[PDB]
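**Student:** Show me the folded form of this:
(chains A and B, ligands or ions: 1)
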Amino acid sequence: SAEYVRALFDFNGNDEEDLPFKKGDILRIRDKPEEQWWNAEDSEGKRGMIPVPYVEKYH
Amino acid sequence: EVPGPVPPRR
Ligand SMILES: *[C@@H](C)c1ccccc1
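**Tutor:** Residues are numbered from 1 along each chain as shown, chains lettered A, B, ... in the order given. This is the structure:
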């Protein structure tokens, strides 16, 4: 019962802690320290922060 | 900038 999101826009990543991704990517949600910034993990296991408005709740 | 700006951090 993992929580995923689908990237709506390409995010190159602004900060070193940010998780860069591309439009259509599936990311697993690990943490929610903020309303608009969540800690996610991509398909390859790389972790980092992502902007919520750039993704949609998968399923 | 096709997407809107990223949200404010903290
Ligand atoms: C970028 C996230 C965007 C685009 C249109 C309206 C609001 C935000």
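**Student:** What about residue B:5, how many residues nearby?
**Tutor:** 8 (other CB atoms under 10 Å in any protein chain shown). Just so you know, the C-beta spots here come from the backbone N, C-alpha and C atoms, and that holds for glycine as well.
**Student:** Not counting its neighbours along the chain, what's nearest the residue in chain A positioned nearest to the ligand?
**Tutor:** Using CB to the nearest ligand atom, the closest approach of chain A to the ligand is made by residue A:53 at 4.8 Å. The shortest distance from residue A:53 to any residue other than its chain neighbours is 5.9 Å, reached at residue B:7 (CB to CB, 6 or more residues apart in numbering or on different chains).
**Student:** Touching, that neighbour and residue A:50? I think so.
**Tutor:** No: in this structure residue B:7 lies outside contact range of residue A:50 using CB atoms under 8 Å: 10.6 Å.
**Student:** what's next to stretch A:32-45, contact-wise?
**Tutor:** A:5, A:19, A:21, A:25-31, A:47-53, B:7-10 (CB atoms under 8 Å, 6 or more residues apart in numbering or on different chains).
**Student:** what about dumping the CA coordinates of stretch A:30-50 to PDB?
**Tutor:** What follows is stretch A:30-50 as a C-alpha-only set of coordinates in PDB (Å, rounded to 0.1, in the frame of the first residue of the first chain):
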ATOM      1  CA  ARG A  30       8.000   8.900   1.600                       C
ATOM      2  CA  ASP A  31       7.500  12.000   3.700                       C
ATOM      3  CA  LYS A  32       5.300  15.100   3.900                       C
ATOM      4  CA  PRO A  33       7.200  17.800   5.900                       C
ATOM      5  CA  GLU A  34       5.300  20.600   4.100                       C
ATOM      6  CA  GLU A  35       2.000  21.100   2.400                       C
ATOM      7  CA  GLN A  36       3.700  21.900  -1.000                       C
ATOM      8  CA  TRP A  37       7.000  20.100  -0.600                       C
ATOM      9  CA  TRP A  38       7.100  16.300  -0.200                       C
ATOM     10  CA  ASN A  39      10.100  13.800   0.100                       C
ATOM     11  CA  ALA A  40       9.800  11.300  -2.700                       C
ATOM     12  CA  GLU A  41      11.700   8.400  -4.300                       C
ATOM     13  CA  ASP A  42      11.900   7.700  -8.000                       C
ATOM     14  CA  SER A  43      11.900   4.300  -9.900                       C
ATOM     15  CA  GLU A  44      15.700   4.000  -9.500                       C
ATOM     16  CA  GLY A  45      15.700   4.600  -5.700                       C
ATOM     17  CA  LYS A  46      17.000   8.100  -5.700                       C
ATOM     18  CA  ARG A  47      15.400  10.300  -3.000                       C
ATOM     19  CA  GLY A  48      14.700  14.000  -2.700                       C
ATOM     20  CA  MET A  49      12.200  16.800  -2.300                       C
ATOM     21  CA  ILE A  50       9.500  17.600  -4.900                       C
END
